[PDB]
Amino acid sequence: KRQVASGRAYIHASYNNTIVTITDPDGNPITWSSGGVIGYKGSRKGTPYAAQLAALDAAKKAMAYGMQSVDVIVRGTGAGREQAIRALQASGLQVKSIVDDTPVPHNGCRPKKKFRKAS
Amino acid sequence: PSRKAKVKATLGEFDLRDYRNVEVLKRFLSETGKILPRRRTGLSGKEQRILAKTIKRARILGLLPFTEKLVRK
Amino acid sequence: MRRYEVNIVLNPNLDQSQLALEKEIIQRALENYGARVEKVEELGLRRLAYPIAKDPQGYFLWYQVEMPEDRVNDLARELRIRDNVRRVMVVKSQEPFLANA
Amino acid sequence: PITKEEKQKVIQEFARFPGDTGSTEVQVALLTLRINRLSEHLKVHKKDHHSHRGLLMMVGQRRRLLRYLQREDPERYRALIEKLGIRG
RNA sequence: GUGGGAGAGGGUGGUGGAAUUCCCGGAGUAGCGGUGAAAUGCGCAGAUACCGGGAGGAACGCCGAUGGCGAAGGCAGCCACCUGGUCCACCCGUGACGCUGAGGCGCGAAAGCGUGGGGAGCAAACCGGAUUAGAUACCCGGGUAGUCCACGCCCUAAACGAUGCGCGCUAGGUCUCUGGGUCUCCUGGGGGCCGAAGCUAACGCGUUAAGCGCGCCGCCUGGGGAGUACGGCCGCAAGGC
RNA sequence: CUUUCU
Ligand SMILES: CN[C@H]1C[C@@H](N)[C@H](O)[C@@H](O[C@@H]2O[C@H](CO)[C@H](O)[C@@H]3O[C@@]4(O[C@@H]([C@@H](N)CO)[C@H](O)[C@@H](O)[C@H]4O)O[C@@H]23)[C@@H]1O
Ligand SMILES: [Mg+2]
Ligand SMILES: [Mg+2]
Ligand SMILES: [Mg+2]
Ligand SMILES: [Mg+2]
Ligand SMILES: [Mg+2]
Ligand SMILES: [Mg+2]
Ligand SMILES: [Mg+2]
Ligand SMILES: [Mg+2]
Ligand SMILES: [Mg+2]
Ligand SMILES: [Mg+2]
Ligand SMILES: [Mg+2]
Ligand SMILES: [Mg+2]
């Protein structure tokens, strides 16, 4: 209930789950979806299938605010990233563009043991 | 392949020590503020090595980018 | 002495008076430290690759000096004091190493 | 550092004859010069151990040249020492 | 000596952006996270995902190498000052001034110790979840010392090329870093590979020798007991020799 | 995932 149309679609994909946050032309989120948003509770959450149902929901919910034109901003490689992008490309929303914006440090903090053994 | 034609080739003689020719320097960065590898920059050990310091100076001066977003994907 | 290059970037929002003022202190400051100007370039405004102090543009200055090396570091402590001066960078001068020439 | 002046100013000041660029008096002279600047630099930067080695090296090279001197001509020696200001 | 060169060699100061954490503001709801599955955990005092602002600590992406520098330990954002080593050309100066080096003095990763400071992330110990027959572990969630800085102590290591230093002599080929030249190659220094002669138990080494010789130092003398006992020296202690 | 002994 605002009417936006033109806006941004943020896809935050990770190997543990995918979450889509649709927002306005300058940041403030309108509606968000995720693996949890929809049924899927644990492992199933990550799956590229959910990455779809999530994108769609995000858009559907976003269609209510009267969305249309959207700019997709992917963040992080993970189980079903490209899938979210495709979902949006369908749905209804017109995908103006897509852009990898995943963050990478210029070597700042020591990662958890989990992600070490690099160099 | 990576043979999209060297960057040194498509370019006339220029001072590599000059950290303000944003026009020319801009040339050695990819679709991001990343300094191109020798096998693209077409430079040489010594050259390449100086370029890299020249490009860093710029960035600090704000003339050149540290990193860009990737369009497409 | 030695030959250096002083790069100075300040607030792109300076009216003829404010701007011409900062240069007053710079010109002054240089002297006060032994900086002997050999020449200058004033490119002025340029679209920065990224924002500097929220501002997306910058006003550039370029002075090539000859001064007591043992005071180059102090000369720039001074230069950075100013609030409109958001970036100062001194550099030892060097032969323009060519390439592809 | 040591300007070319700073340097040559010493070389002439010790050279055994016009053109003497590397006699023993000269060499001991230039070394005493570097050793002083360096030991001066280390008065501060005590943690700069790396540069310290270079000192030990010069200090060696020096007494080793003096040793040879005081052996060949005991006179030029006492001359050189009192002059440069070595021993103490 | 004169003239040049490359370099993450070292020390002090300054400074740049990426990211993480925290705090403030907005917009926004019901989950986020995490695994092999999960759970602990965090979330309606509104978390996660998104935007803007701030603070702080630590490290320094691409360049970056199969690269470089140092005697080793080791050293990489940028800038300036201070400073060590080292290479090439000219062959100008001294005139054997050389080599090695018991002891000595100094240096010496990490962990560790003492006083003070700092503390974002990571994380011995520890507190929990899970897995398991059990789990004092691996996996997951927290987390203290510590990791950071200063000053002082510690002195060890697969401190490795597991290969002491110096010099002379003995096919080449190829790639590379750096200097000089008459610069499609010659010549000097350095890093790699293949390989003559030769060496080796074999593996392999081979002008960067592990080949042929000379000089000086350190060291070995079956495995275990044992780097232990004892004694002495050093150390605040742990411990070291 | 772990997944002992002979
Ligand atoms: C001689 N003194 C002891 C030494 C022990 N370390 C050993 O485990 C004992 O017993 C047997 O030892 C053998 C060599 O060490 C071995 O490996 C046998 O496997 C064993 O088989 C099973 C028993 N059912 C039979 O002893 C159990 O899993 C364990 O004891 C297991 O070590 O016995 C083991 C043995 O008696
Ligand atoms: Mg030097
Ligand atoms: Mg001669
Ligand atoms: Mg003679
Ligand atoms: Mg130590
Ligand atoms: Mg330590
Ligand atoms: Mg302590
Ligand atoms: Mg843990
Ligand atoms: Mg933790
Ligand atoms: Mg060679
Ligand atoms: Mg043979
Ligand atoms: Mg071989
Ligand atoms: Mg005691």
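Here is a short report on the structure shown in this document. (Residues numbered from 1 in each chain as written, not as in the entry; some residues may be left out. Chains lettered and ligands numbered in written order. Part of a larger assembly, values for the part shown. Heavy atoms only, no water.)

## Focus on the overall build of chain B
Then step 1. Counting its secondary structure elements, chain B contains three helices and one strand.
Then step 2. Each helix and strand of chain B, placed in order from N terminus to C terminus, yields the pattern α-α-α-β.
Then step 3. Compactness check: chain B gives a C-alpha radius of gyration of 12 Å against a globular reference of 11 Å for 73 residues, within 12% of the reference.
Then step 4. Seen through its principal axes, chain B has C-alpha atoms that stretch 35 × 30 × 20 Å. (Helix = DSSP H or I, 4+ residues; strand = E, 2+ residues; numbered from the N terminus. Rg over C-alpha atoms; globule rule 2.2 N^0.38 Å.)

## A word on the arrangement of the chains
Then step 1. Contacts are most numerous between chains B and C, considering all three pairs of chains that are in contact.
Then step 2. Regarding chain A and chain C, the two do not touch, and the least distance separating their C-alpha atoms is 15 Å. (Contact = heavy atoms within 4.5 Å.)

## Thoughts on the pairing of strand β4 (residues 69-75) of chain A
Residue and element names in this part refer to chain A.
Then step 1. Of all seven residues making up β4, five are buried, and the element is well covered by its neighbours.
Then step 2. Relative to β4, strand β1 (residues 7-14) runs parallel, the two being bridged by six bridges. When the bridges of β4 are listed, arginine 8 appears paired with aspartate 71.
Then step 3. Summarising the sheet, β4 and strand β5 (residues 94-100) pair through six bridges and their orientation is parallel. Paired with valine 72 across the strands is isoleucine 98, a residue of β5.
Then step 4. One crossover worth recording links β4 to the parallel β5 by way of helix α3 (residues 82-91), and it is right-handed. (Buried < 20%, exposed > 50% of the residue type's maximum accessible area, 1.4 Å probe, protein only. Pairing = 2+ DSSP bridges. Right-handed = clockwise from strand over helix to strand, strands pointing away.)

## Remarks on the protein's contact with RNA strand E
Then step 1. Neighbouring RNA strand E are 95 residues; A:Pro29, A:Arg75, A:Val104, B:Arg49 and C:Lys92 lie closest to it.
Then step 2. Close to the protein, within 4 Å, the atoms of RNA strand E belong to sugar or phosphate groups at a rate of 75%.
Then step 3. One of the side-chain N or O atoms of C:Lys54 is found 2.9 Å from a phosphate oxygen in RNA strand E.
Then step 4. D:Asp20 places a polar side-chain atom, nitrogen or oxygen, 3.1 Å from a sugar or linking oxygen of RNA strand E. (Near = heavy atom within 4 Å. Polar contact = N/O pair within 3.5 Å; in protein donor to acceptor, adjacent residues only side chain to side chain.)

## So, the interface of chain C and chain B
Then step 1. Listed as interface residues are 23 residues of chain C and, on the opposing side, 25 residues of chain B.
Then step 2. Carbon and sulfur atoms make up 55% of the area that chain C and chain B hide from each other, which totals about 2,000 Å².
Then step 3. Here chain C is connected to chain B by two salt bridges.
Then step 4. One salt bridge in this structure joins C:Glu41 and B:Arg20, with 3.5 Å as the shortest N-O distance.
Then step 5. In this assembly, chain C and chain B are joined by 12 residue pairs in polar contact. (Buried area = accessible area lost by both parts, 1.4 Å probe. Salt bridge = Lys/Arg side-chain N within 4 Å of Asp/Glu carboxyl O.)

## Looking at helix α3 (residues 45-61) of chain B
Then step 1. Here α3(B) spans 25 Å end to end across 17 residues, near enough to the 24 Å set by a 1.5 Å rise per residue.
Then step 2. When α3(B) is considered as a whole, its buried residues turn out to be B:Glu47, B:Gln48, B:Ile50, B:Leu51, B:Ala52, B:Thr54, B:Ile55, B:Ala58, B:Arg59 and B:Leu61.
Then step 3. Here the buried face of α3(B) lies against α1 (22-25) and α2 (38-41) of chain B together with β1 (2-10), β2 (39-52), β3 (55-67) and β4 (85-92) of chain C. (Expected span 1.5 Å × (residues − 1).)

## Some thoughts on the sheet that holds β1(C)
Then step 1. Taken together, the four strands give an open sheet; going across it, the order is β2-β3-β1-β4 (chain C), and neighbouring strands pair in antiparallel fashion. Sheet topology places β2 and β4 of chain C at the edges, where each strand pairs with a single neighbour. Going across the sheet, the axis of each strand differs from the next one's by a mean of 25 degrees, ignoring polarity.
Then step 2. In the sheet, β1(C) pairs with β4(C) via seven bridges, with the strands oriented antiparallel. Directly across from C:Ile8, in β4(C), lies its bridge partner C:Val88.
Then step 3. Strands in contact with α3(B) are β1, β2, β3 and β4 of chain C; relative to β4(C), the strand with the most contacts, it is inclined by about 155 degrees.
Then step 4. Docked against the sheet, helix α1 (residues 16-32) of chain C engages β1, β2 and β3 of chain C, running at close to 25 degrees with respect to β3(C). (Axes fitted to C-alpha atoms, helices over the stretch in contact; angles between N-to-C directions.)

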